[PDB]
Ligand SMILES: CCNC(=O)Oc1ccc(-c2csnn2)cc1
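So this first bit is one chain, no partners, the form deposited without the ligand, shown in structure tokens.
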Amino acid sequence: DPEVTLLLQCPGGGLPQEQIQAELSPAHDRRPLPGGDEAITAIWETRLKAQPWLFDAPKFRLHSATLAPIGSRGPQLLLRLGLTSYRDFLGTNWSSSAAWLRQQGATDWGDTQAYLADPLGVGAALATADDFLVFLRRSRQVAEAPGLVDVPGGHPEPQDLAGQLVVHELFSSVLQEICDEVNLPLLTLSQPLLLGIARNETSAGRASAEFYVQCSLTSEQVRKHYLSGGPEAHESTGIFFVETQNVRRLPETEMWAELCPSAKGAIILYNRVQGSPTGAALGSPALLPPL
């Protein structure tokens, strides 16, 4: 799977909000482009003069994520974050010249991402009460990954002493994205666990935080809630469900070729962090079938 790389695999079956620190600093921002940020401004102007209803929006930038020594007390993860925008994304990661910006970042800063917006995405492995994960079909008419399978999520917009509010907005945003797209009541959702961070190499290395969320509704109830919004209540064109039993071997299925990179990230991290048992009981052959 060359189009997805794991930046972080969380310990302990995934980290709760209270174990994560953020450092939001202008030291974590994109570097100005070698010939100047006028190249970004020019692409944006061209785009607005075709689609003048488009708007800019602020985004969090991922710089890096450092895990504590395993088994330690205290904060277990430090997220280093800066600020970027939708405009900066369109002029760097989405640019035809994105590979040239990665090579120049390696040369100038020893960092393939130094000249990339790299907005932080969020996504969920969302499990039902009857042990299915939730999948969404993307419209064939959008610009990014048309017609591909996704999981719930999005790209959160901003608003450890500003740090804790930023971690709160990241955990909040994955629940809000589930309520907005799947049409589930907030009180049917567990507090999220962070499983890890995956990078999309087809989008020049931009990263998504992948979470596990449990729903108290069955697959049939989740489907009713999604459909009862009507076609205007969701950006996706359909919903479907795969038994957690079968998610284990999803990379061997014909579905795998249809998953967008960030959804592949969520499923690899679900299988390594919530699946893959370590103890004698769940590891026994009748509960963990060989091959």
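One-based numbering along the sequence shown.
In what follows, reference is made to the form deposited with the ligand bound, a form of this protein that is not presented.
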Tell me, please, which stretch of 147 to 155, 216 to 224, 185 to 193, 100 to 108 lies within 4.5 angstroms of the ligand in the deposited complex when heavy atoms are compared?
147 to 155
Please pick, from 197, 136, 127, 167, the one residue with any non-hydrogen atom lying within 4.5 angstroms of the ligand in the deposited complex.
136
If we define contact as a non-hydrogen atom of the residue within 4.5 angstroms of the partner, is residue 235 a contact of the ligand in the deposited complex?
yes
Using a 4.5 angstroms cut-off on non-hydrogen atoms, would residue 162 count as touching the ligand in the deposited complex?
no
Suppose contact means a heavy atom within 4.5 Å; in the deposited complex, does that hold for all of 142, 177 and 181 with the ligand?
yes
